[PDB]
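Q: structural data only, the sequence is not supplied:
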């Protein structure tokens, strides 16, 4: 990219509706304003809680207990967001597995 003067860890906006995330989630951007809001808010809070250095590995369970809103009450929403994020390739040397010794 022909730009310089800014350098950060993540590669996403601060609370804005971009096509970048929506390209992996066509049903969300073609959905109502509540759906893109909950999906974006979770996905941002997730990647923040991951990069914030929690312990060893951040999980859906560690996300769900940190966030204090009815937004996270849909477990399937969080599990989808996480599953896609890991598979999408956001500099993830690890793979979606348990924390336990296996």
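A: Received it, and whenever you're ready, just let me know what you need. Numbering: from 1, shown residues only.

Q: quick check, central residue of the chain?
A: The C-alpha lying nearest the average C-alpha coordinate of the chain belongs to residue 43 (CA atoms, centre = their mean; 2.8 Å).

Q: could you pull up phi and psi at that one?
A: Taking degrees, to the nearest 10, you get phi -60, psi -40 for the backbone angles of residue 43.

Q: just checking, it touches residue 83?
A: No: with contact defined as CB atoms under 8 Å, residue 43 does not count as touching residue 83 (11.7 Å). The C-beta positions use only the backbone N, C-alpha and C, and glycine is treated the same way.

Q: what about the strands in the chain?
A: In chain order, the chain shows no strands, with DSSP state E as the criterion.

Q: where do the helices sit along it?
A: Using DSSP state H, the helices of the chain run over residues 19-22, 26-29, 33-51, 60-66, 75-88.

Q: distance to residue 96 added to these, as TSV?
A: TSV is the format used below for those (distance: least, CB to CB, whole Å):
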stretch	distance to residue 96
helix 19-22	19
helix 26-29	20
helix 33-51	12
helix 60-66	10
helix 75-88	5
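
Q: out of these, the one nearest residue 11 is which?
A: Closest approach to residue 11 among these is made by helix 19-22 (8.1 Å; CB to CB).

Q: by contact count, what packs against that closest one?
A: Where contact means 3 or more CB pairs under 8 Å, 6 or more residues apart in numbering; DSSP states H and E, helix 19-22 is packed against helix 26-29, helix 33-51.

Q: just name the most buried of the ones you listed.
A: Looking across the helices and strands packed on helix 19-22 with neighbours counted as mean count of other CB atoms under 10 Å, the highest average goes to helix 33-51: a mean of 17.
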